[PDB]
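Worksheet for the structure shown next.
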Amino acid sequence: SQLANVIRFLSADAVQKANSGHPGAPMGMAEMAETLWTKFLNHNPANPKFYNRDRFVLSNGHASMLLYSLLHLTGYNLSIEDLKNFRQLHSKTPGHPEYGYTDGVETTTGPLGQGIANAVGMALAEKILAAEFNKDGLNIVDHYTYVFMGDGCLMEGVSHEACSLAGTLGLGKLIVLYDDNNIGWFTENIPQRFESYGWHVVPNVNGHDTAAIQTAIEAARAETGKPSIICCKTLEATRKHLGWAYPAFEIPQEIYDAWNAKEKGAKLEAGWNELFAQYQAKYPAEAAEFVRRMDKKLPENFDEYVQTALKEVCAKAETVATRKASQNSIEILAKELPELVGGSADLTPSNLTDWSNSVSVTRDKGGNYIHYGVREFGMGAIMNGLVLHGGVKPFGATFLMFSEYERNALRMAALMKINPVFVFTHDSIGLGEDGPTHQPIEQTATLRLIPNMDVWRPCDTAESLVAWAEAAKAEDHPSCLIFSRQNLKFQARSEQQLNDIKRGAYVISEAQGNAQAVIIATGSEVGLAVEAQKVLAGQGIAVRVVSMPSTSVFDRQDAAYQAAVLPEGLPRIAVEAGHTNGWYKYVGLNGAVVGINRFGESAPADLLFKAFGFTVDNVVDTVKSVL
Ligand SMILES: [Ca+2]
Ligand SMILES: [Ca+2]
Ligand SMILES: [Ca+2]
């Protein structure tokens, strides 16, 4: 009894001291927490990165004191003083748990619905890695993914997407305990809804009866072919009434001793280490790849591999759409990165995200390609879970417009400092007839405003490969790779220019003579800028052309490099088939921009580019206007 009550009142006491947060949810889930963590959860406080630990996700991240209490009591590096600093500036206990900051936190939750989607990704990674690595009974990948979620989570559409897909893929090691704390706007029959996803459902569990919860979890674990949801019905004075009379933050040694998990955790990891040694004796190359990939490290020869492939891409000098350049880059990277896991939100023939060796993940088998269905938000938040798990490097594609359907998952990846790769195709009015509901205008500009996010808009096959390789190399941030539907002309480059692509912007065509201005262009508009430079030169007006595949990356280059690309006092003109307003950061009040700030139109692409002023004459006149 007191083992649940200590969680209950540690939470209430820390919330009270902070005078911020909600104490009811952690208090209602204390028996659920006690049951899962003392009877089932396999974890080692001495090594929060133990490869085969069970993964726990508190999807209703507002109940954060529940998780902080559990980490403290079981012996993680989180102290009473840390709990006394709940929600205080720079404390180890922010109001929502933060991955990478606090040992034992598996994901950053707060925005509702995404936690269960993260967990689906973690369970998917376990399934994928188990199919790939486990061999003749040596099951080095074998752990569960447990989730606590609440009513807010279940109302959100992203929970529908993630749990629907989890049902189709038969994720039997995903086990959800739902805090059903209800007796107007929420009347769903949750057991019936989750039956319709193909889940195993344990309804009507007494959420304060540890015997009932343990039996339900046992039933969930036995259902190996379906994810499970367990519907847990939950409900100073209350303190001594519930039998907890210790003052705030006082915990007796006997209760710390009963809760401590270091002895059991150590024996767990030692037992796994013995299994991995048997595995390493029989499968040493696989064993070494498992460690590399779980450690989230790239192959030692990655850069030399990419450099060789880039030289070959240049030898081909293909004029293709960069969505095809993307598929070519994926092929190149996949040879080198066995951890690569692709997918698309029902746009595989459009995003061009499969490669020659992609194997679709199914209910019965592993693979390296996920058909997410028409579920962009689910895809983004599932990819966050895939990358948090370790062992795989996911990418997932949709049309650039539908970045808006998964927008907060993109932001949460950046906040968590993780490195999923978000792929987007059909990036401008250049997509043509599908019209203004699909034609991006402002999306690329808005994506650039996400802190700790790299946005790449490569102009040809060479920039596309560099963008992919840089996205794959980045250790602590995500990337958006933005690709065109229409063919883009390959640009010739020196060896130095090729090597400067990774600096985000570079001079792709210097002026013949002293530059009178600089044209900054990205993606599909570089060719237009180069053509305008030639027309201007024929009029005796010398300008330089700068390709800026990533503003994000250019902005963190040293000042000398940025000045070498964009010299002070040289008028700047930006050309991009999107909203103009972000370019004033570069061109200022006396520069200019060739862009589009209104909605698109349903028509062939060539006509739209002409109608909206993406023409040589307009770029030339605009350049002249700032001289
Ligand atoms: Ca909730
Ligand atoms: Ca409720
Ligand atoms: Ca119209």
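Labels for the structure tokens follow display order: chains A, B, ..., residues from 1 in each chain, ligands from 1.
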Inset, instruction - Give the alpha helix (DSSP H) residues of region 267-453 of chain A, as DSSP finds them on the backbone, and put them as a ChimeraX atom specification. - result: /A:267-282,284-294,302-316,322-336,348-351,376-389,407-416,443-447
Legend entry - Environment of ligand 1 within 8 Å, counting only C-alpha atoms and all ligand atoms, reported as a count of residues only: 9
Contacts of residue 529 (chain A) at 10 Å (only C-alpha atoms; same-chain gap of 2+ positions) as a short mmCIF file (atom, residue, chain, number, x, y, z; two decimals) with N, CA, C and O atoms, in the first residue's frame:
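And here's result.cif as it stands now:
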```cif
data_model
loop_
_atom_site.label_atom_id
_atom_site.label_comp_id
_atom_site.auth_asym_id
_atom_site.auth_seq_id
_atom_site.Cartn_x
_atom_site.Cartn_y
_atom_site.Cartn_z
N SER A 509 28.25 30.43 -59.01
CA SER A 509 28.67 31.04 -60.27
C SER A 509 29.19 32.44 -59.96
O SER A 509 28.39 33.35 -59.69
N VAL A 518 24.52 40.26 -55.82
CA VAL A 518 24.51 38.82 -55.65
C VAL A 518 23.07 38.34 -55.69
O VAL A 518 22.19 38.90 -55.03
N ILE A 519 22.82 37.32 -56.50
CA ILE A 519 21.54 36.63 -56.54
C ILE A 519 21.65 35.41 -55.63
O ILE A 519 22.52 34.56 -55.84
N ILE A 520 20.80 35.35 -54.61
CA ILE A 520 20.71 34.18 -53.74
C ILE A 520 19.53 33.35 -54.22
O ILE A 520 18.41 33.86 -54.32
N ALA A 521 19.77 32.07 -54.52
CA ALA A 521 18.68 31.21 -54.96
C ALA A 521 18.80 29.86 -54.28
O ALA A 521 19.88 29.46 -53.83
N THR A 522 17.68 29.16 -54.22
CA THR A 522 17.61 27.83 -53.65
C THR A 522 16.87 26.89 -54.60
O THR A 522 16.07 27.33 -55.43
N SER A 524 14.76 24.71 -56.90
CA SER A 524 14.37 24.81 -58.31
C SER A 524 14.67 26.17 -58.94
O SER A 524 14.57 26.29 -60.16
N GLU A 525 15.06 27.18 -58.16
CA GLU A 525 15.26 28.51 -58.73
C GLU A 525 16.71 28.82 -59.04
O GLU A 525 16.99 29.89 -59.58
N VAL A 526 17.64 27.91 -58.75
CA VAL A 526 19.03 28.20 -59.06
C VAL A 526 19.23 28.36 -60.57
O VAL A 526 19.92 29.28 -61.02
N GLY A 527 18.63 27.47 -61.36
CA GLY A 527 18.76 27.58 -62.82
C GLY A 527 18.30 28.93 -63.33
O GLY A 527 18.98 29.58 -64.15
N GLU A 531 20.53 31.75 -65.30
CA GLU A 531 20.15 32.30 -66.60
C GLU A 531 20.06 33.82 -66.54
O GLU A 531 20.49 34.51 -67.47
N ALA A 532 19.55 34.36 -65.43
CA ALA A 532 19.51 35.82 -65.26
C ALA A 532 20.92 36.41 -65.19
O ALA A 532 21.18 37.49 -65.74
N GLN A 533 21.85 35.70 -64.55
CA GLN A 533 23.23 36.19 -64.51
C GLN A 533 23.80 36.32 -65.92
O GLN A 533 24.50 37.30 -66.22
N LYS A 534 23.53 35.34 -66.78
CA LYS A 534 24.04 35.41 -68.15
C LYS A 534 23.43 36.58 -68.91
O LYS A 534 24.14 37.29 -69.63
N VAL A 535 22.12 36.79 -68.76
CA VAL A 535 21.47 37.91 -69.44
C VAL A 535 22.04 39.23 -68.93
O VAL A 535 22.31 40.15 -69.71
N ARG A 544 27.13 37.90 -59.10
CA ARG A 544 27.43 36.56 -58.61
C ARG A 544 26.14 35.82 -58.28
O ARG A 544 25.15 36.44 -57.90
N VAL A 545 26.15 34.50 -58.44
CA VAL A 545 25.04 33.65 -58.02
C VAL A 545 25.49 32.78 -56.85
O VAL A 545 26.52 32.09 -56.95
N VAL A 546 24.73 32.83 -55.76
CA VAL A 546 24.95 32.01 -54.57
C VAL A 546 23.82 31.00 -54.50
O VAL A 546 22.64 31.36 -54.59
N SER A 547 24.17 29.72 -54.37
CA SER A 547 23.19 28.69 -54.06
C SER A 547 23.14 28.55 -52.55
O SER A 547 24.19 28.44 -51.91
N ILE A 573 19.74 39.93 -53.95
CA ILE A 573 18.41 39.60 -54.46
C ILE A 573 18.18 38.12 -54.24
O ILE A 573 18.96 37.28 -54.72
N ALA A 574 17.12 37.77 -53.53
CA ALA A 574 16.78 36.38 -53.30
C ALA A 574 15.70 35.93 -54.27
O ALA A 574 14.74 36.67 -54.53
N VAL A 575 15.83 34.70 -54.76
CA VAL A 575 14.89 34.11 -55.72
C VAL A 575 14.51 32.72 -55.21
O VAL A 575 15.35 31.81 -55.18
N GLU A 576 13.25 32.55 -54.85
CA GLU A 576 12.74 31.29 -54.34
C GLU A 576 11.23 31.24 -54.57
O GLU A 576 10.54 32.23 -54.32
N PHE A 614 8.24 34.01 -62.12
CA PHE A 614 9.51 33.28 -62.06
C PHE A 614 10.05 33.13 -63.48
O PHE A 614 10.01 32.07 -64.10
N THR A 615 10.51 34.28 -63.99
CA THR A 615 10.99 34.42 -65.35
C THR A 615 12.34 35.14 -65.34
O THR A 615 12.67 35.87 -64.40
N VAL A 616 13.11 34.94 -66.40
CA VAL A 616 14.39 35.63 -66.51
C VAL A 616 14.18 37.14 -66.51
O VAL A 616 14.90 37.87 -65.82
N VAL A 619 13.52 38.47 -62.90
CA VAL A 619 14.73 38.46 -62.08
C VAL A 619 15.69 39.55 -62.53
O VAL A 619 16.27 40.27 -61.71
N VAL A 620 15.86 39.70 -63.85
CA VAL A 620 16.79 40.70 -64.38
C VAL A 620 16.34 42.10 -63.99
O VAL A 620 17.15 42.95 -63.57
#
```
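If one restricts the calculation to only C-alpha atoms and all ligand atoms, the set of residues situated within 12 Å of ligand 3 consists of residues 435, 436, 437, 598, 599, 600, 601, 602, 603 and 608 of chain A.
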Now that the selection is made, can you save its residues with N, CA and C atoms as a PDB file, in the first residue's frame?
```pdb
ATOM      1  N   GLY A 435      -3.116  22.167 -57.673  1.00  0.00           N
ATOM      2  CA  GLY A 435      -3.682  23.438 -57.270  1.00  0.00           C
ATOM      3  C   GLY A 435      -3.346  23.897 -55.861  1.00  0.00           C
ATOM      4  N   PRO A 436      -3.970  25.009 -55.450  1.00  0.00           N
ATOM      5  CA  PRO A 436      -3.494  25.734 -54.256  1.00  0.00           C
ATOM      6  C   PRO A 436      -3.653  24.981 -52.936  1.00  0.00           C
ATOM      7  N   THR A 437      -4.517  23.957 -52.829  1.00  0.00           N
ATOM      8  CA  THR A 437      -4.552  23.214 -51.566  1.00  0.00           C
ATOM      9  C   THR A 437      -3.282  22.403 -51.349  1.00  0.00           C
ATOM     10  N   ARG A 598       1.037  34.792 -52.293  1.00  0.00           N
ATOM     11  CA  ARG A 598      -0.376  34.465 -52.380  1.00  0.00           C
ATOM     12  C   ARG A 598      -0.542  32.977 -52.656  1.00  0.00           C
ATOM     13  N   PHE A 599      -1.791  32.511 -52.572  1.00  0.00           N
ATOM     14  CA  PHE A 599      -2.064  31.112 -52.869  1.00  0.00           C
ATOM     15  C   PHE A 599      -1.812  30.832 -54.345  1.00  0.00           C
ATOM     16  N   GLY A 600      -1.512  29.567 -54.656  1.00  0.00           N
ATOM     17  CA  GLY A 600      -1.237  29.148 -56.024  1.00  0.00           C
ATOM     18  C   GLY A 600      -2.482  29.046 -56.890  1.00  0.00           C
ATOM     19  N   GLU A 601      -2.382  28.361 -58.036  1.00  0.00           N
ATOM     20  CA  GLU A 601      -3.522  28.140 -58.926  1.00  0.00           C
ATOM     21  C   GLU A 601      -3.399  26.760 -59.553  1.00  0.00           C
ATOM     22  N   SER A 602      -4.544  26.146 -59.855  1.00  0.00           N
ATOM     23  CA  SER A 602      -4.566  24.857 -60.544  1.00  0.00           C
ATOM     24  C   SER A 602      -4.319  25.089 -62.032  1.00  0.00           C
ATOM     25  N   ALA A 603      -3.117  24.739 -62.505  1.00  0.00           N
ATOM     26  CA  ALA A 603      -2.735  24.860 -63.913  1.00  0.00           C
ATOM     27  C   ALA A 603      -1.418  24.127 -64.138  1.00  0.00           C
ATOM     28  N   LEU A 608       2.316  28.327 -64.549  1.00  0.00           N
ATOM     29  CA  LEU A 608       2.270  28.963 -63.241  1.00  0.00           C
ATOM     30  C   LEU A 608       3.542  29.756 -62.966  1.00  0.00           C
TER      31      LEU A 608
END
```
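The protein and nucleic acid residues lying at most 10 Å from residue 324 (chain A) are residues 330, 350, 351, 352, 353, 425, 460, 461, 464, 483, 484, 485, 486 and 487 of chain A, with only C-alpha atoms considered and sequence neighbours fewer than 6 positions away removed.
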Inset, instruction - Kindly provide, as a PyMOL selection string, all nucleotide and amino acid residues lying within 10 Å of ligand 2, counting only C-alpha atoms and all ligand atoms. - result: chain A and resi 25+150-152+179-183+186+234
Inset, instruction - Find the residues near residue 420 (chain A): any atom within 10 Å, counting only C-alpha atoms, skip ones fewer than 4 places away on the same chain, and give them as a PyMOL selection string. - result: chain A and resi 380-381+383-388+392-396+410+413-414+471-472+474-480
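For the atom pair formed by CA of residue 595 (chain A) and CA of residue 528 (chain A), the distance is 12.4 Å, given to one decimal.
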Legend entry - Which of A:134, A:507, A:322, A:367 sits closest to residue 456 (chain A) [using only C-alpha atoms]: A:322
Inset, instruction - Run DSSP on the backbone of this structure and report the residues of region 444-572 of chain A it assigns to strand (DSSP E), as a PyMOL selection string. - result: chain A and resi 454-456+479-482+487-488+506-509+517-521+543-547+572
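Minimum distance to residue 197 (chain A) across A:430, A:45, A:97, A:170 (counting only C-alpha atoms) occurs at A:170.
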Legend entry - Shortest interatomic distance to residue 273 (chain A) - which of A:141, A:2, A:21, A:345, counting only C-alpha atoms: A:141
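Here CA of residue 24 (chain A) and CA of residue 113 (chain A) stand 19.3 Å from one another.
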Inset, instruction - Using only C-alpha atoms, pick whichever of A:321, A:565, A:391, A:541 has the shortest atom-to-atom distance to residue 523 (chain A). - result: A:321
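Take the candidates A:8, A:278, A:28, A:365 and check each one against residue 136 (chain A) using only C-alpha atoms; the shortest distance goes to A:278.
Each of A:109, A:196, A:452, A:260 was checked against residue 75 (chain A) using only C-alpha atoms; the smallest atom-to-atom distance is that of A:260.
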Inset, instruction - Considering only C-alpha atoms, return as a PyMOL selection string whatever protein or nucleic-acid residues lie within 9 Å of region 116-124 of chain A, sequence-local ones (same chain, fewer than 2 positions apart) excluded. - result: chain A and resi 55-59+107+112-114+126-129+143-149+153+158-159+161-163+165-166+169+171-174+176+377-390
